């Protein structure tokens, strides 16, 4: 299954991306210069379901894992459907350190 993988830093208050796989750049059209240090929400646009966005926002705050279907947009403006699964990574003290995401393009 063709998938992409990113890492967000949860020690910073707005979860900026700190590592992205070669496919994530190829799929979205953005280079690392425009991805690292930013929140993943730049991928969103008009037809992105705000209720679906809210489930990811809630789970991050509550430190749970979450799986949603989102409409995303490449850098060239064209849309694609992104099955996104975010997973919390905890330190031994139960605190969340990083969030990890698997993104699958499900436009079939």
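Numbering follows the first chain given and starts at 1.
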Averaging the C-alpha B factors as listed in the entry, name the stretch that ends up higher: 48-56 or 77-85. 48-56
Return whichever of 96-104 and 10-18 has the greater mean Cα B factor according to the PDB record. 10-18
State the tercile, meaning the lowest, middle or highest third, of residue 37 with respect to the CA B-factors recorded for its chain. lowest
Name the third of the chain's ranked CA B-factors that contains residue 27, choosing lowest, middle or highest. middle
